[PDB]
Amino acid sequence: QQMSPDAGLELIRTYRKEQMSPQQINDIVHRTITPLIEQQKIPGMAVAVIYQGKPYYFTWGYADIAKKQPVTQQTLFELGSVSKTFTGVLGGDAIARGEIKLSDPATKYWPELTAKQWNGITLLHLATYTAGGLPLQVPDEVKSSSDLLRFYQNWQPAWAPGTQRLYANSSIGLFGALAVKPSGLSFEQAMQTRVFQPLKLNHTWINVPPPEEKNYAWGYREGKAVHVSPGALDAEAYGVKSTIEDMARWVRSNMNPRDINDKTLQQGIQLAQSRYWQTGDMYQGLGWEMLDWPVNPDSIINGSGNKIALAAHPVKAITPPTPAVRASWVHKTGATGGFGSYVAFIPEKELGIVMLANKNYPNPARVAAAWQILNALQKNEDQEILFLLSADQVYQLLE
């Protein structure tokens, strides 16, 4: 209608979505996840779908196989690396609280850290895996604070900071450990009072209280029931346990920060999705990873595979950090020895999905299934409409 093409593209997408609380949600969730459960031999799965700001939960399988215990909406799964999204957000909170700057060097908060190669390494580098070759894991022998200080003072980098991005638990682990030092609280207390309790995530635990071990599900690796074994900085990197309800609340909160009474935590949620680095079509936030939406499905699917996600890539400093783009695919994979988790959402379209499973199955399957689900819920061939914006030529070129 002689229209401004800008609104024409997106609004056309929304009408195409109006074509099809759609119980279709139940349909596509079943048609996508059931072949995934059967195909991957997944003992139990909890899946939450956020549609129009409202959660719809779906539970399959056993939380405890030998005990015939079913996965309920109160089952606790090991979030694994998804924990980082919390850490990041907590870090963001500190930034909003005026306690830290990402541009600050790490040693400003660990004074006892004095090795020469730690002079140009900043909290941003630790939070974004861009410190220059921190190992993917803290060594098992690290069991004390002086053991940890000994590990980092004797770490020798591969690269100069800000040049390379290597996914590592020690990087954002130390980031989380440092971001709370100006608070006075420990990491557990800080996360509990500044993130969990303000969002009323009342069954999300860094340490499962024994009165709650009944809901702690078993993870299954090679048929044996496993739980994540303790480690150093585990709370910052991979040691959060939550229920599908609390995780659905987590996605709701990371899509609509303007609904949170906490102002500092709101700005922190916004800062965790800021675009600090670029690699390919992926932007690195604080814990979260972002892409532009619409997105290339084979790119996020093949990019989720550990063959790529663990490989070091060079980064482009985005100055200033691009504020939280709503036309984004915000996601994070998680996994422990026995669990497999995935969180992905598109904030502009108010859409989200959480997928918790007590078996660690490959990330490409999770990103693939989530892409099929959220995809059918509403392409680059479509964006040819922006170039196509006469009336009969459009209606006929579509029909």
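A residue's number is simply how far along the shown sequence it sits, counting from 1.
Unmodelled deposited residues between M20 and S21: 1 to 3, per the record. A chain break between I12 and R13 is not present, all residues of the deposited sequence in that interval being modelled.
As listed in the deposited structure, the average C-alpha B-factor of 330 to 338 and of 25 to 33 is greater for 25 to 33. According to the PDB record, 148 to 156 carries the higher mean C-alpha B-factor of the two stretches 234 to 242 and 148 to 156. Between the residues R275, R249, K181, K224, the entry's highest C-alpha temperature factor is the one at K224. Of the candidates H203, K214, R258, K316, the one whose C-alpha carries the top B factor in the deposited record is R258. Ranked within its chain, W118 lands in the highest third, by CA B factor from the PDB record. Among the modelled residues of its chain, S299 has a C-alpha B-factor that falls in the highest third according to the deposited record.
Sort the modelled residues of the chain by CA B factor and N306 lands in the highest third. Annotation for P198: C-alpha temperature factor in the middle third relative to the rest of the modelled chain, per the entry.
Split the chain's modelled residues into thirds by C-alpha temperature factor. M355 is in the lowest one.
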